[PDB]
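Quick setup: one chain, the form deposited in one PDB entry, written in structure tokens, and binding and motion questions come after.
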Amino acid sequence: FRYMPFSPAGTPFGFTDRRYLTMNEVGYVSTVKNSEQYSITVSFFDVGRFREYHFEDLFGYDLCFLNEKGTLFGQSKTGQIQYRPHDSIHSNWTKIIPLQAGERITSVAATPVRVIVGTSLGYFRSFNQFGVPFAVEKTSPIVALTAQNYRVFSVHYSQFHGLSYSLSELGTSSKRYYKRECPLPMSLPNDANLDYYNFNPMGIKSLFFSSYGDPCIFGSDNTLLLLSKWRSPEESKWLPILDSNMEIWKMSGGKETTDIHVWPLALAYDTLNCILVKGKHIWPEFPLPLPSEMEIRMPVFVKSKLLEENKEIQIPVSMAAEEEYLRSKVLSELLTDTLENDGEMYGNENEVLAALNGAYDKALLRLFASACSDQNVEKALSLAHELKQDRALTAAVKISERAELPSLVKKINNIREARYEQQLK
């Protein structure tokens, strides 16, 4: 098997002399064939903050990673890397990674404090932002890397386990693993897009930490996978939180298309920053369009049932409340775990979590109302248990009263009394 140089949201040349090296929420990096050399261009979306620049590549960089403080470049064959800080205050630096026979650099990543290099033999070389080496580690062959601050999300491949992932932190003291080569349930690729899968065998369109620090991956099945409870090894689950193919279908008014595609950039709380690609090819082109936003949706929608109700896609309030309930539940659980362990990063997480818990109960109360409407006392009671706020429990009682369900009211009041008794302890 042949390992290929990976970079987040990178595109292949195809029939052109240009492609994108890497791409995320910060900006995009492209490279153009200049006779015998290359012309690399580093661009940004926040034009105010950073200044777009370009330089001549005499090495043929095929690996790249972009963050808010700098850009990392890599040559998969010669093993030469270069880190270029965005500001001119900090100097560029260059190293050459030792490569054995047939060994290739497969993926690189960088944070403001760390520089990461992974190879096909499983060499994990790490540095600080200045190029000072920390320790050389031997792991499974690495196929994709991403990082955030001091933490690293790595994807490995072999002939045995197939695809696996590791989650680690490169602290000031030592390297610690949260997860070590656990199964990665991302669907592998199974033609006009053949150029892409020769360029990207795994079909990993991109991978990244969320804005709140949760590992995410976006495969050829165009489904965003988020890792839940990664801090508790026995509770770790991969969650499909967005079927982009479905959203496009819904945006297209229930029509099947073959010319609209999603290119993942990042995940900010509940929104997928991306590029909407219009054309036959699934990867973005020149010039790069303006980034779009796609709110995440739990894969609980059925096309047939959606079509029936329309007779952009309109969603029935009952069905939408169920998805909103699940979505809120997941996001709430995740954000709480974040605050319970790592604290705040942006300054609005507490406010977000509060509104998130609010949306949870509101959507849950809608389902509760429908259950009362259908005289389903049992299902309604189960929904009431899942309520968070005591004010929502109160609201549930009043809804039950309007529905004239006295048997339900007493049992919900039993819940309230029980929680009030826990308050006494």
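Sequential numbering from 1, following the sequence displayed. Rigid core: the largest C-alpha set superposing within 1.5 Å between the two forms.
After fitting on the rigid core, which stretch moves more in 5 other deposited structures of this protein, 207 to 215 or 154 to 162, going by C-alpha RMS?
Stretch with the larger root mean square C-alpha distance in 5 other deposited structures of this protein: 154 to 162.
Which is farther from the shown form in 5 other deposited structures of this protein in C-alpha RMS with the core fitted, 180 to 188 or 247 to 255?
Comparing 180 to 188 with 247 to 255, the one that moves more in 5 other deposited structures of this protein is 247 to 255.
Report, from the record, the number of residues in the deposited sequence between residue 311 and residue 312 that have no coordinates, as none, 1 to 3, 4 to 9, or 10 or more.
Gap between residue 311 and residue 312: 10 or more unmodelled residues.
Does the deposited sequence hold unmodelled residues between residue 190 and residue 191, and if so, how many: none, 1 to 3, 4 to 9, or 10 or more?
Unresolved stretch here: 4 to 9 residues.
267 to 275 or 84 to 92, whichever carries the higher mean Cα B-factor
Averaged over C-alpha atoms, the B-factors run higher in 84 to 92.
Where do the C-alpha atoms have the higher mean temperature factor in this entry, in 73 to 81 or in 158 to 166?
That would be 158 to 166.
Looking at the C-alpha B-factor values in the deposited entry, which of 50, 28, 59, 65 comes out highest?
Answer for 50, 28, 59, 65: 50, with the highest C-alpha B-factor.
Highest Cα temperature factor in the entry, among the options 135, 97, 145, 246: which one is it?
The record points to 135.
For the chain shown, is the CA B-factor of residue 129 in the lowest, middle or highest third of its modelled residues?
CA B-factor rank for residue 129: lowest third.
Splitting the chain's C-alpha B-factors into thirds, which one does residue 406 fall into?
Highest third.
C-alpha B factor of residue 120, ranked within the chain: lowest, middle or highest third?
Tercile = lowest for this residue's CA B-factor.
Test of reading the entry: by CA B factor among the chain's modelled residues, which third contains residue 352?
CA B-factor rank for residue 352: middle third.
Check where residue 211 lands among this chain's C-alpha B-factors and tell me if it's the lowest, middle or highest third.
Lowest third of the chain for residue 211's C-alpha B-factor.
The discussion below concerns the form solved in complex with a partner chain, not included here.
Of 26, 399, 63, 42, the one that lies within 4.5 Å of its partner chain in the entry with it bound (heavy atoms)
It is 399.
Every residue in 32, 72 and 84 with a non-hydrogen atom within 4.5 Å of its partner chain in the entry with it bound?
No residue of the spot touches its partner chain in the entry with it bound.
Options 385 to 393, 46 to 54, 64 to 72, 32 to 40; stretch whose heavy atom lies within 4.5 Å of its partner chain in the entry with it bound:
Heavy atoms within 4.5 Å of its partner chain in the entry with it bound occur in 385 to 393.
Using a 4.5 Å heavy atom cut-off, state whether residue 356 contacts its partner chain in the entry with it bound.
Result no; residue 356 lies far from its partner chain in the entry with it bound.
Would you check, heavy atoms only and a 4.5 Å threshold, whether residue 403 touches its partner chain in the entry with it bound?
Yes.
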